[PDB]
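First the structure, in the form of structure tokens, and then the observations on it.
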Amino acid sequence: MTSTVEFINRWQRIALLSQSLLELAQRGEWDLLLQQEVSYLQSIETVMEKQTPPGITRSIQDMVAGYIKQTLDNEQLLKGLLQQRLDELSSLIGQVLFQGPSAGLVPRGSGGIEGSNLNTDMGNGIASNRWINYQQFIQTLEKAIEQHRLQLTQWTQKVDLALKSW
């Protein structure tokens with residue numbers, strides 16, 4: 001029981017955590033998202049570094065698969081709108097000390113989360129520390145979604161294939 005409960009508990013941690021962060025971003029609490037950057041990335045690593053214990057049943061495997069797949073959605077969607085947030089931040093602020101992919105420039109010293117709707121080839125901005133944090137976010141999300149993929153695959157998926165049309 002105990003070891004299996006540790007396993008499930010920590011996948012419940014990542015599932016509901018990444019879910020909360022996905023929703024947090026969608027609502028426009030982006031600076032708060034970065035105040036929970038280190039919270040997330042630390043916890044998610046300290047779970048996935050553990051190996052899958054025995055005592056598992058049918059119900060347990062499917063349920064944990066539900067938690068991992070939940071945060072698979074939460075991570076990939078967080079990739080989507082956080083990257084879109086990077087695009088708009090760069091076209092919002094523009095070039096300064098730090099150059100960018102022809103986003104133009106606006107003499108403005110940020111303003112919390114101003115927000116906007118315009119894409120960028122990669123990114124740039126005046127909020128240097130915060131932008132470098134977002135880069136750190138995506139990189140550790142990349143290695144997090146890497147370990148998530150491989151471990152969910154090993155956990156539940158025998159045949160890594162699905163090539164059929166509707």
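Going through the structure tokens in order, the chains are called A, B, and so on, while each chain numbers its residues from 1 and the ligands are numbered from 1 in the order shown.
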
**Request:** Can you check which residues of stretch 7-166 of chain A DSSP gives as alpha helix (DSSP H) on the backbone and send them as a PyMOL selection string?
**Result:** chain A and resi 7-27+30-35+37-48+58-93+128-156

**Prompt:** Skipping near chain neighbours, those fewer than 4 positions away, what residues fall within 8 Å of residue A:87 using only C-alpha atoms, listed as a PyMOL selection string?
**Reply:** chain A and resi 83+91+118-123

Restricting the output to N, CA, C and O atoms, write the selected residues as a PDB file, in the first residue's frame.
ATOM      1  N   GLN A  83       4.332  30.193 -24.779  1.00  0.00           N
ATOM      2  CA  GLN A  83       5.105  30.555 -25.978  1.00  0.00           C
ATOM      3  C   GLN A  83       4.406  31.713 -26.707  1.00  0.00           C
ATOM      4  O   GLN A  83       5.059  32.667 -27.100  1.00  0.00           O
ATOM      5  N   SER A  91       6.749  41.596 -29.092  1.00  0.00           N
ATOM      6  CA  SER A  91       6.122  42.573 -30.002  1.00  0.00           C
ATOM      7  C   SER A  91       5.469  43.751 -29.228  1.00  0.00           C
ATOM      8  O   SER A  91       5.206  44.813 -29.801  1.00  0.00           O
ATOM      9  N   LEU A 118      -0.012  39.609 -30.877  1.00  0.00           N
ATOM     10  CA  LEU A 118       0.879  39.676 -32.064  1.00  0.00           C
ATOM     11  C   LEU A 118       2.038  38.680 -31.897  1.00  0.00           C
ATOM     12  O   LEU A 118       2.608  38.581 -30.808  1.00  0.00           O
ATOM     13  N   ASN A 119       2.385  37.944 -32.974  1.00  0.00           N
ATOM     14  CA  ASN A 119       3.426  36.894 -32.912  1.00  0.00           C
ATOM     15  C   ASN A 119       4.845  37.468 -33.126  1.00  0.00           C
ATOM     16  O   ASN A 119       5.009  38.610 -33.566  1.00  0.00           O
ATOM     17  N   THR A 120       5.851  36.644 -32.792  1.00  0.00           N
ATOM     18  CA  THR A 120       7.288  36.952 -32.935  1.00  0.00           C
ATOM     19  C   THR A 120       8.037  35.643 -33.269  1.00  0.00           C
ATOM     20  O   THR A 120       7.643  34.571 -32.790  1.00  0.00           O
ATOM     21  N   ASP A 121       9.100  35.740 -34.092  1.00  0.00           N
ATOM     22  CA  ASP A 121       9.880  34.573 -34.583  1.00  0.00           C
ATOM     23  C   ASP A 121      10.489  33.747 -33.428  1.00  0.00           C
ATOM     24  O   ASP A 121      10.546  32.509 -33.495  1.00  0.00           O
ATOM     25  N   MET A 122      10.956  34.450 -32.384  1.00  0.00           N
ATOM     26  CA  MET A 122      11.416  33.824 -31.129  1.00  0.00           C
ATOM     27  C   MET A 122      10.987  34.713 -29.952  1.00  0.00           C
ATOM     28  O   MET A 122       9.984  34.420 -29.286  1.00  0.00           O
ATOM     29  N   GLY A 123      11.738  35.815 -29.708  1.00  0.00           N
ATOM     30  CA  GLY A 123      11.404  36.716 -28.610  1.00  0.00           C
ATOM     31  C   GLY A 123      12.481  37.737 -28.245  1.00  0.00           C
ATOM     32  O   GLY A 123      13.568  37.731 -28.829  1.00  0.00           O
TER      33      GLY A 123
END

Fewer than 4 positions away in the same chain doesn't count, so skip those; otherwise give me all residues within 12 Å of residue A:114, counting only C-alpha atoms, as a PDB file with N, CA and C atoms, in the first residue's frame.
ATOM      1  N   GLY A  28      -4.419  34.947 -16.714  1.00  0.00           N
ATOM      2  CA  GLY A  28      -3.533  36.104 -16.871  1.00  0.00           C
ATOM      3  C   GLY A  28      -2.691  36.394 -15.633  1.00  0.00           C
ATOM      4  N   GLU A  29      -2.454  35.353 -14.815  1.00  0.00           N
ATOM      5  CA  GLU A  29      -1.556  35.417 -13.651  1.00  0.00           C
ATOM      6  C   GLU A  29      -0.191  34.809 -14.042  1.00  0.00           C
ATOM      7  N   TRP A  30       0.506  35.538 -14.913  1.00  0.00           N
ATOM      8  CA  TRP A  30       1.768  35.098 -15.551  1.00  0.00           C
ATOM      9  C   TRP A  30       2.991  35.325 -14.655  1.00  0.00           C
ATOM     10  N   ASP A  31       2.994  36.464 -13.961  1.00  0.00           N
ATOM     11  CA  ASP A  31       4.062  36.811 -13.018  1.00  0.00           C
ATOM     12  C   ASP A  31       3.973  35.871 -11.800  1.00  0.00           C
ATOM     13  N   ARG A  85       2.562  33.870 -25.244  1.00  0.00           N
ATOM     14  CA  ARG A  85       2.825  34.983 -24.319  1.00  0.00           C
ATOM     15  C   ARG A  85       4.211  35.585 -24.602  1.00  0.00           C
ATOM     16  N   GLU A  88       3.907  37.736 -27.911  1.00  0.00           N
ATOM     17  CA  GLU A  88       3.228  39.016 -27.690  1.00  0.00           C
ATOM     18  C   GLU A  88       4.076  39.963 -26.818  1.00  0.00           C
ATOM     19  N   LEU A  89       4.777  39.431 -25.776  1.00  0.00           N
ATOM     20  CA  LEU A  89       5.667  40.241 -24.883  1.00  0.00           C
ATOM     21  C   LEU A  89       6.759  40.959 -25.696  1.00  0.00           C
ATOM     22  N   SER A  90       7.318  40.228 -26.660  1.00  0.00           N
ATOM     23  CA  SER A  90       8.398  40.718 -27.527  1.00  0.00           C
ATOM     24  C   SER A  90       7.920  41.813 -28.488  1.00  0.00           C
ATOM     25  N   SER A  91       6.749  41.596 -29.092  1.00  0.00           N
ATOM     26  CA  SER A  91       6.122  42.573 -30.002  1.00  0.00           C
ATOM     27  C   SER A  91       5.469  43.751 -29.228  1.00  0.00           C
ATOM     28  N   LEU A  92       5.206  43.535 -27.929  1.00  0.00           N
ATOM     29  CA  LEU A  92       4.599  44.522 -27.010  1.00  0.00           C
ATOM     30  C   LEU A  92       5.647  45.553 -26.560  1.00  0.00           C
ATOM     31  N   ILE A  93       6.749  45.038 -26.003  1.00  0.00           N
ATOM     32  CA  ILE A  93       7.881  45.855 -25.535  1.00  0.00           C
ATOM     33  C   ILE A  93       8.736  46.316 -26.727  1.00  0.00           C
ATOM     34  N   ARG A 108       9.020  52.005 -23.210  1.00  0.00           N
ATOM     35  CA  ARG A 108       8.148  51.710 -22.065  1.00  0.00           C
ATOM     36  C   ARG A 108       8.895  50.758 -21.122  1.00  0.00           C
ATOM     37  N   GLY A 109       8.947  51.108 -19.829  1.00  0.00           N
ATOM     38  CA  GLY A 109       9.616  50.285 -18.816  1.00  0.00           C
ATOM     39  C   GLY A 109       8.673  49.262 -18.208  1.00  0.00           C
ATOM     40  N   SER A 110       8.014  48.475 -19.098  1.00  0.00           N
ATOM     41  CA  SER A 110       7.006  47.448 -18.740  1.00  0.00           C
ATOM     42  C   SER A 110       5.780  48.086 -18.017  1.00  0.00           C
ATOM     43  N   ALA A 127      11.968  43.437 -19.768  1.00  0.00           N
ATOM     44  CA  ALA A 127      11.836  42.587 -18.581  1.00  0.00           C
ATOM     45  C   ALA A 127      12.775  41.372 -18.733  1.00  0.00           C
TER      46      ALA A 127
END

**Prompt:** Between atom CA of residue A:106 and atom CA of residue A:36, what is the distance, to one decimal in Å?
**Reply:**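 So the two atoms, atom CA of residue A:106 and atom CA of residue A:36, lie 29.0 Å apart.
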
Residue A:74: which residues within 6 Å, counting only C-alpha atoms, same-chain residues fewer than 5 positions away excluded, as a compact mmCIF listing (two decimals) with C-alpha atoms, in the first residue's frame?
# COMPACT_ATOMS: atom_id res chain seq x y z
CA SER A 18 0.32 21.67 -13.68
CA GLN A 19 -3.50 21.93 -14.01
CA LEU A 22 -2.29 26.02 -16.87

Sorted by chain and rising residue number, list the residues of stretch 71-154 of chain A at most 8 Å from stretch 43-55 of chain A (counting only C-alpha atoms), each with its closest atom pair and distance in Å to one decimal, as CSV.
residue,atom,partner,partner_atom,distance
A:144,CA,A:45,CA,7.2
A:147,CA,A:48,CA,7.2
A:148,CA,A:48,CA,7.8

Can you tell me which residues surround residue A:20 at a distance of at most 10 Å, considering only C-alpha atoms, apart from same-chain residues fewer than 6 positions away, and format the answer as a PDB file with C-alpha atoms, in the first residue's frame?
ATOM      1  CA  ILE A  14       2.096  17.028 -10.591  1.00  0.00           C
ATOM      2  CA  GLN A  26      -5.090  31.292 -19.001  1.00  0.00           C
ATOM      3  CA  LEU A  33       3.114  31.605 -12.718  1.00  0.00           C
ATOM      4  CA  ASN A  74      -1.441  20.668 -18.900  1.00  0.00           C
TER       5      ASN A  74
END

**Request:** Figure out the distance between atom CA of residue A:116 and atom CA of residue A:73, please, to one decimal in Å.
**Result:**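 It comes out at 24.6 Å.
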
**Message:** When you count only C-alpha atoms, which of these residues is closest to residue A:151: A:59, A:17, A:39, A:64?
**Reply:**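 Among the listed residues, the smallest separation from residue A:151 belongs to A:64.
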
**All residues 12 Å or closer to residue A:35, only C-alpha atoms, same chain fewer than 3 positions away omitted, as a list in words** =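 The residues satisfying every condition are residues 21, 24, 25, 29, 30, 31, 32, 38, 39, 40, 41, 130, 133, 134 and 137 of chain A.
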
Limited to N, CA and C atoms, could you put the picked residues into a file as a tab-separated table (two decimals), in the first residue's frame?
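Dumped everything to again.tsv:
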chain	number	residue	atom	x	y	z
A	21	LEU	N	-1.54	25.63	-12.77
A	21	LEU	CA	-0.62	26.54	-13.47
A	21	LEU	C	-1.11	26.85	-14.89
A	24	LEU	N	-3.90	29.17	-14.34
A	24	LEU	CA	-3.33	30.41	-13.78
A	24	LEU	C	-2.89	31.34	-14.93
A	25	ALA	N	-2.14	30.73	-15.87
A	25	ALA	CA	-1.68	31.37	-17.11
A	25	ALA	C	-2.87	31.87	-17.97
A	29	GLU	N	-2.45	35.35	-14.81
A	29	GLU	CA	-1.56	35.42	-13.65
A	29	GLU	C	-0.19	34.81	-14.04
A	30	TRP	N	0.51	35.54	-14.91
A	30	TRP	CA	1.77	35.10	-15.55
A	30	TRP	C	2.99	35.33	-14.66
A	31	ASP	N	2.99	36.46	-13.96
A	31	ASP	CA	4.06	36.81	-13.02
A	31	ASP	C	3.97	35.87	-11.80
A	32	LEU	N	2.72	35.50	-11.44
A	32	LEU	CA	2.41	34.57	-10.35
A	32	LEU	C	2.84	33.15	-10.78
A	38	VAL	N	9.62	27.83	-9.94
A	38	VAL	CA	10.56	27.03	-9.16
A	38	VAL	C	9.82	25.98	-8.32
A	39	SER	N	8.64	26.36	-7.79
A	39	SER	CA	7.75	25.43	-7.06
A	39	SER	C	7.44	24.17	-7.91
A	40	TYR	N	7.02	24.44	-9.16
A	40	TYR	CA	6.62	23.41	-10.14
A	40	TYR	C	7.81	22.54	-10.54
A	41	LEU	N	8.80	23.19	-11.17
A	41	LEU	CA	9.99	22.52	-11.72
A	41	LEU	C	10.73	21.68	-10.65
A	130	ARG	N	12.70	38.34	-16.08
A	130	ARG	CA	11.42	37.63	-16.24
A	130	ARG	C	11.38	36.80	-17.54
A	133	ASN	N	13.63	33.85	-17.15
A	133	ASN	CA	12.85	32.90	-16.33
A	133	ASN	C	11.89	32.07	-17.20
A	134	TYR	N	11.21	32.72	-18.14
A	134	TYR	CA	10.32	32.03	-19.10
A	134	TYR	C	11.08	31.02	-19.98
A	137	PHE	N	11.82	28.21	-17.84
A	137	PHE	CA	10.53	27.54	-17.68
A	137	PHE	C	10.40	26.49	-18.79

**Asked** Got a sec: who's within 12 Å of residue A:149, counting only C-alpha atoms, leaving out chain neighbours fewer than 5 positions off, as a list in words?
**Response** residues 48, 65, 68, 69, 71, 72, 73, 75, 76, 141, 142, 143, 144, 154, 155, 156, 157 and 160 of chain A
